Amino acid sequence: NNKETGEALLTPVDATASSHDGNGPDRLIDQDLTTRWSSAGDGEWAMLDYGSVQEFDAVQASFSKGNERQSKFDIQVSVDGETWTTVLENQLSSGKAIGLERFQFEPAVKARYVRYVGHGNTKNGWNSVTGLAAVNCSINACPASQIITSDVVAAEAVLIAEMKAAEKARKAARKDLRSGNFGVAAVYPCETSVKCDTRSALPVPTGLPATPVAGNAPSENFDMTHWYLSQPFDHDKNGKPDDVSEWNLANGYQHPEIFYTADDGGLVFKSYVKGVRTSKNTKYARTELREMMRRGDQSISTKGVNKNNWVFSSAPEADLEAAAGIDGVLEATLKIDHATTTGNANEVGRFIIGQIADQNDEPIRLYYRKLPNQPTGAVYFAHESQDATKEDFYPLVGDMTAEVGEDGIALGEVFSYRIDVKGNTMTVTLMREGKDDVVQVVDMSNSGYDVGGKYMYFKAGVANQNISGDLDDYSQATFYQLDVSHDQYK
Ligand SMILES: O=C(O)[C@@H]1O[C@@H](O[C@H]2[C@H](O)[C@H](O)[C@H](O[C@H]3[C@H](O)[C@H](O)[C@H](O[C@H]4[C@H](O)[C@H](O)[C@H](O[C@H]5[C@H](O)[C@H](O)[C@H](O[C@H]6[C@H](O)[C@H](O)[C@H](O[C@H]7[C@H](O)[C@H](O)[C@H](O[C@H]8[C@H](O)[C@H](O)[C@H](O[C@H]9[C@H](O)[C@H](O)[C@H](O)O[C@H]9C(=O)O)O[C@H]8C(=O)O)O[C@H]7C(=O)O)O[C@H]6C(=O)O)O[C@H]5C(=O)O)O[C@H]4C(=O)O)O[C@H]3C(=O)O)O[C@H]2C(=O)O)[C@@H](O)[C@@H](O)[C@@H]1O
């Protein structure tokens with residue numbers, strides 16, 4: 001009954017979404033395979049509004065990276081846009097095509113609103129769709145080619161090649177930003193002024209002022225014995241960030257461009273778009289601290305369930321004991337001085353200010369994000385779970401669209417955060433003077449961070465999440481508190 005021919009599809013009057021990352025729902029109906037609506041988390045939806053009641057019996061949808069993974073979804077319809085009928089369930093896209101694919105049901109239904117309800121894909125927890133449309137196969141083309149068969153794949157070959165040549169060019173443009181050949185020359189206390197005993201633990205700093213003081217080195221305002229600093233320039237030309245070890249940081253290290261005490265005592269981190277990066281697994285530069293519970297004793301390794309890292313108290317007994325501590329609290333107070341104003345729809349204005357990471361994934365990445373056109377910014381966080389097959393975002397002040405108007409956190413405004421892990425429960429709190437705390441509690445029982453062999457460390461500072469803006473654009477934050485604690489086994 002399906003024909004190769006038919007009249008034009010209806011144009012939706014409105015496309016909306018429960019959420020997105022800046023790649024908004026307007027990108028579903030633009031017929032461009034080069035744009036996408038993206039959102040993360042089971043049950044997130046995009047909705048086509050047709051303006052009045054119409055008749056449909058199918059949808060056509062093209063999928064972001066549709067040839068590398070399969071998306072999972074339902075489709076639902078409504079007359080009122082309050083009561084929802086499910087017409088297609090546990091659909092799985094083909095994984096073989098980036099062009100349109102049809103998902104058809106019998107019989108037709110009457111609806112004004114049609115909704116895509118996403119359940120991630122087979123690789124990660126993202127719902128990412130390049131085109132969606134409700135279709136009536138009595139009047140509209142429902143061609144054969146939208147059923148993905150070997151010959152549809154062969155027919156995609158020219159499109160695939162052109163996409164890949166554009167990927168390749170962007171990858172080359174990104175590579176040009178990564179020389180690390182910039183910034184004034186660093187001065188390392190361990191090479192210049194201090195004999196550093198890298199086979200011992202640093203002393204515990206005492207007499208740290210309650211409020212950071214201008215003209216103090218960061219290690220005089222904060223306990224810098226349990227961090228190393230990742231710096232985005234590469235002055236010894238090994239292709240890697242020039243890292244500042246705990247013995248250096250704890251003896252007064254500062255870099256006057258990117259890591260230094262401000263004129264009110266705050267610790268400033270600045271991160272440009274440009275720089276070398278920590279590995280091929282990220283696209284982004286960072287100017288960020290990485291927790292080192294060995295605290296300067298370099299006989300202990302950086303990586304491993306060992307005396308440099310902690311574990312959740314819900315981990316197996318062997319891990320609980322082999323770790324330097326169990327559970328953890330990071331508490332920080334800071335203000336954002338500047339957010340990138342250039343870059344693409346999901347990256348502009350976005351960076352990370354706190355993390356907990358294991359070898360591969362992040363139990364949390366705390367973002368701040370300000371859009372160049374909004375007068376305040378958003379703070380929200382991600383919990384990645386189940387070996388990175390799942391990802392959920394939780395708002396704190398606004399959400400990942402960062403469309404907060406006047407209601408978010410302004411450049412210059414001081415606020416606090418707390419990341420608190422006790423076993424398989426993470427509590428994240430956002431504090432602001434004269435306002436109520438905002439709290440999100442994350443149940444991690446099924447997150448798989450207690451399975452055994454996973455080691456944890458905190459991070460704080462500014463990890464850029466923008467590789468697409470101008471090379472010299474930057475994001476910058478000033479911290480006034482950085483307090484880390486852990487429990488001990490028995
Ligand atoms: O539809 C869609 O799908 C679309 O998706 C959406 O996009 C989102 C998706 O999620 C998407 O997947 C993507 O996600 C990516 C994002 O990037 C995201 O933020 C996230 O990023 C994470 C990842 O984890 C990522 O991998 C990276 O991790 C960082 C991590 O933060 C840490 O930095 C960590 O650091 C490591 C690392 O190896 C690093 O290089 C470094 O190694 C150093 C260091 O100095 C160590 O101390 C150690 O030192 C040793 C050395 O040998 C040293 O020389 C010395 O040696 C000693 C020693 O004794 C020796 O043996 C010898 O005798 O000599 C001595 C001497 O010489 O001194 O000391 C040693 C020692 O052990 O002490 O190792 C060195 C070294 O160089 O090896 O530090 C380690 C460390 O652990 O500290 O890892 C890095 C890393 O890169 O791995 O970033 C994070 C992050 O910041 O977030 O995940 C990404 C992903 O791809 O999964 O993007 C998302 C978004 O964009 O949002 C949307 O696009 C949507 O629109 C679409 O729909």
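Note that these values count all heavy atoms, side chains included, but never hydrogens, waters or copies made by symmetry. Residue indices begin at 1 and follow the sequence shown.
Of all non-hydrogen atoms in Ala15 and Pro25, the two that sit nearest each other are O-CG, 3.5 Å. Across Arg36 and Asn346, no two heavy atoms sit closer than the pair NH2-OD1, 3.7 Å. Summarising the geometry of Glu7 relative to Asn140, their closest heavy-atom pair is O-ND2, 3.1 Å, with the distance given to 0.1 Å. When all heavy atoms of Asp337 and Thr478 are compared, the pair lying nearest together is OD2-OG1, 2.6 Å. Heavy atoms only, all atoms of each residue included: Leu48 and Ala134 are closest at CD1-N, 4.1 Å. Between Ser445 and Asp450, the shortest heavy-atom contact is O-OD2, 4.3 Å.
Counting heavy-atom neighbours within 6.0 Å of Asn373 CG, excluding the residue itself, gives a total above 12. Residue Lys65 qualifies as open at atom NZ: its count of foreign heavy atoms under 6.0 Å is 12 or below. For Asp437, the CG atom counts as densely surrounded, since its 6.0 Å shell holds more than 12 non-hydrogen atoms of other residues, nucleotides or ligands. Within 6.0 Å of the NZ atom in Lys96, the count of heavy atoms belonging to other residues, nucleotides or ligands does not exceed 12.
Between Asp42 and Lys390 there is a salt bridge, since at least one side-chain N of the basic residue sits less than 4.0 Å from a carboxylate O of the acidic one. With salt bridges taken as basic N to acidic carboxylate O contacts below 4.0 Å, none links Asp32 and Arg27. For the pair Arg102 and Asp57, the salt-bridge criterion is not met [side-chain N within less than 4.0 Å of a carboxylate O]. Ion pair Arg369/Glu403 not flagged as a salt bridge, since none of the NZ, NE, NH1 or NH2 atoms sits closer than 4.0 Å to an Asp/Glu carboxylate oxygen.
Less than 6.0 angstrom separates the ring centroid of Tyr50 from the ring centroid of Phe56. Aromatic ring centres of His383 and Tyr394 lie farther apart than the 6.0 Å criterion allows. Checked against the 6.0 Å centroid criterion, the rings of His20 and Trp37 do not qualify as a close aromatic pair. Ring centers of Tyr368 and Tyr380: at least 6.0 Å apart, outside the cut-off. Between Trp227 and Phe259, a ring centre-to-centre spacing not shorter than 6.0 Å is recorded.
Between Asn466 and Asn464, the side chains place no donor N or O within less than 3.5 Å of an acceptor N or O (distance only, hydrogens not considered). For the residue pair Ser62/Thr130, the side-chain donor-acceptor check at 3.5 Å is satisfied. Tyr480 and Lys335 form a side-chain donor-acceptor contact under 3.5 Å, judged by distance and modelled atom types alone. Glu291 and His486 form a side-chain donor-acceptor contact under 3.5 Å, judged by distance and modelled atom types alone. Using modelled atom types, one finds a donor on one side chain and an acceptor on the other under 3.5 Å when comparing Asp30 with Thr35. When only modelled atom types and interatomic distance are considered, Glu288 and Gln355 share a side-chain donor-acceptor pair under 3.5 Å. With 3.5 Å as the limit, one finds no donor-acceptor pair spanning the side chains of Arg174 and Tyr284. Residues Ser78 and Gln76 have side chains that never bring a donor and an acceptor to within less than 3.5 angstrom of each other. Checking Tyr113 against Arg115 by side-chain atom types alone, no donor-acceptor pair falls below 3.5 Å. For the residue pair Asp234/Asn181, the side-chain donor-acceptor check at 3.5 Å is not satisfied. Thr340 and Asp473 form no side-chain donor-acceptor contact under 3.5 Å, judged by distance and modelled atom types alone. Side chain to side chain, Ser468 and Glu347 meet the donor-acceptor criterion of an N or O pair below 3.5 Å. Side-chain contact annotation: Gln146 with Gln60, donor-acceptor N/O pair under 3.5 Å present. Side chains of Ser314 and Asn424: a donor on one and an acceptor on the other come within 3.5 Å. Defined by atom type and a distance below 3.5 Å, a donor-acceptor pair is present between the side-chain atoms of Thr333 and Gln481.
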In sequence, state the C-alpha distance, the side-chain angles, and the governing distance for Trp126 and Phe63, and then conclude on ring pair (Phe, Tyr, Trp, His ring centres under 6.0 Å). CA-CA 11 Å; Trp126 281 87; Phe63 294 86; over 10 Å; no
For salt bridge (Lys or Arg N to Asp or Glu O under 4.0 Å), just list the numbers for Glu362 and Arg365, CA-CA rounded to whole Å, side-chain angles, deciding distance to a tenth of an Å, and then say yes or no. CA-CA 6 Å; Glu362 292 74 46; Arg365 303 193 301 262; 2.9 Å; yes
Any chance you could lay out the salt bridge (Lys or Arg N to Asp or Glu O under 4.0 Å) test for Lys422 and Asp420, step after step, and finish with the verdict? CA-CA 7 Å; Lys422 296 281 158 299; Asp420 182 337; 3.2 Å; yes
List the steps and the verdict of ring pair (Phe, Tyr, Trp, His ring centres under 6.0 Å) for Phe458 and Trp310. CA-CA 9 Å; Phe458 285 118; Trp310 47 288; 4.8 Å; yes
Where do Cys137 and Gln104 land on the side chain to side chain contact (heavy atoms under 4.5 Å, CB included) test, with the steps shown first? CA-CA 9 Å; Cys137 285; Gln104 198 169 3; 3.3 Å; yes
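Checked against salt bridge (charged side-chain N to carboxylate O under 4.0 Å, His left out), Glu68 has no partners two or more places apart in sequence or in another chain. Listed by chain and residue number, nothing satisfies the salt bridge (charged side-chain N to carboxylate O under 4.0 Å, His left out) test with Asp14 (two or more places apart in sequence, or in another chain). With sequence neighbours left out, the side chain to side chain contact (heavy atoms under 4.5 Å, CB included) criterion links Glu4 to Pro143, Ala144.
Tested against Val379 for a side chain to side chain contact (heavy atoms under 4.5 Å, CB included), the candidates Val428, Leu430, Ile336 yield a single pass: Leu430.
Seen from the ring of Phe182, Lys274 counts as a face-on cation partner, given the 6.0 Å and 45° thresholds. Geometrically, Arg290 engages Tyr457 in a cation-pi contact, judged by NZ or CZ lying under 6.0 Å from the ring centre and within 45° of the ring axis.
Ring planes of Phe103 and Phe73: perpendicular class, angle over 60° (limits at 30 and 60°). Under the 30°/60° scheme for interplanar angles, the aromatic rings of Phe269 and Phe479 are found to stand perpendicular.
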